[PDB]
Every structure is written in structure tokens, then in C-alpha cells.
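There is one chain below, alone, in C-alpha cells, taken in the form solved without N-(pyridin-3-ylmethyl)aniline.
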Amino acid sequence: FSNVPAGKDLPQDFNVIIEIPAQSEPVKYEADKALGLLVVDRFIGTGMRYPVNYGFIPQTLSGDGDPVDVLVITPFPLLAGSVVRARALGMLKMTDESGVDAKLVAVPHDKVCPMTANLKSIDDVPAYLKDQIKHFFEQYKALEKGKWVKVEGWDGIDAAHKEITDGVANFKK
């Protein structure tokens, strides 16, 4: 996660470290140090599973103190902790109760995943998947307090690439 380059040919050709695999259970665990065990923290959202793989681009800083943030679309889930060579489709833009959030949207390299090769951009994503992606985030916080999420929409590849370019630059200081 630390020694993983951002990409072989940036910003078109980037690496993503998987965090949460598609279809993952909506449950947050939390290592107790003082204990050496995983503790069940809480149950996330209204009970909907993660609809895509979620991860990050290593060696990036997105002005969120966080790394650049990626939703990776694949026909089968990817292992948490794995690294996938990827390419951008675009981005999901959201507003929060505490600001703005863009998630990058990606598919793997065509040689890795030949089945996603027909997905040239975000407009190529079936409407059902896109609708499951946005709905996930709209229900994610659900319930909690004075928390919420509004999906503002989708941006394109060029915006994706800018997020990536800037992320790689920030991270260098």
C-alpha cells in the first residue's frame, strides 16, 4: 500500500489497492489494540451490500488528507489487499452534510478484464449498476443523526484524470 506505485503510465494507467470487495457485507469492524482482536463496530446503512469494489490509488493525496478514492467495476469481487491495474471511466460526485465528495470510477485494464473492455466511459455503465452505486451512497448514512448524502451526478474521464494528476502531485508535497 506504501511501496505500490501510482501507475505504470499516469494518469490513464493507474493502480488501485482494494479495500472493500464488491458484495461485501455492510459491517464495520475495528481492531482493538489493547486486545489483538477485531471488534464489531457497527452495521452500515439500511442493510445494502457494497455494489462495487472500493479502493485507493497509492501515493496520492486528494486534499482530503486521504488518498484518491476509487470504485472499481468488475464481474466478480476482488480480494481485499490486492492490487489491480486500472483505467478511469469517470467519477461520481456527491454532497455531504459536511461537504463534497468525488469518487473515481474505474474498470481494470482490458488484458486483465476483457469483459469490461466495452466500458469506455461512465455512459457505457448499465443504468442498473450506476443506479445501485448512487443508491448505496444515498442510503449509506441513512439513519445516523444529522448525516446525509446527495448524489450530484457523474463526471467524465477527463475529470477523473485530473483528480489523479492532482492527487499524485499533492502527495509529493
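Residues that one form lacks are left out of the comparison. Just so we're on the same page, rigid core means the largest C-alpha set that superposes within 1.5 Å between forms. One-based numbering along the sequence shown.
Omitted from view is the form solved in complex with N-(pyridin-3-ylmethyl)aniline, to which the following refers.
Residue contact check for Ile73: one or more of its heavy atoms lie within 4.5 Å of N-(pyridin-3-ylmethyl)aniline in the deposited complex.
Taking the partner from elsewhere, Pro26 is found to have every heavy atom lying beyond 4.5 Å of N-(pyridin-3-ylmethyl)aniline in the deposited complex. Interface residue remark: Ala31 is not counted as part of the site for N-(pyridin-3-ylmethyl)aniline in the deposited complex, having no heavy atom within 4.5 Å. For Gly63, no non-hydrogen atom is located within 4.5 Å of N-(pyridin-3-ylmethyl)aniline in the deposited complex, even though that partner is not displayed. With the partner removed from view, the residue among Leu129, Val39, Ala142, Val112 that has a non-hydrogen atom within 4.5 Å of N-(pyridin-3-ylmethyl)aniline in the deposited complex turns out to be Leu129. Screening 142-150, 114-122, 55-63, 31-39 for residues having heavy atoms within 4.5 Å of N-(pyridin-3-ylmethyl)aniline in the deposited complex returns a single hit, 114-122. No residue of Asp110, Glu30, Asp66, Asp123 other than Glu30 has its CA displaced by 2 Å or more between the shown form and the other one when the core is superposed. Relative to the superposed rigid core, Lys147 undergoes a CA displacement of at least 2 Å between the shown form and the other one. When two forms of a protein are overlaid on their rigid core, residues whose CA moves 2 Å or more are considered shifted, and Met48 is one of them between the shown form and the other one. A decrease of at least 3 Å in the separation of the C-alpha atoms of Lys28 and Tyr54 is found in the deposited complex, compared with the displayed form. Legend note: Cα of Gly45 to Cα of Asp124 is at least 3 Å farther in the deposited complex than in the depicted form. Every Cα shifting by 2 Å or more, across three or more consecutive residues, marks a moved region; comparing between the shown form and the other one on the rigid core, these regions are 27-43, 45-48, 143-147.
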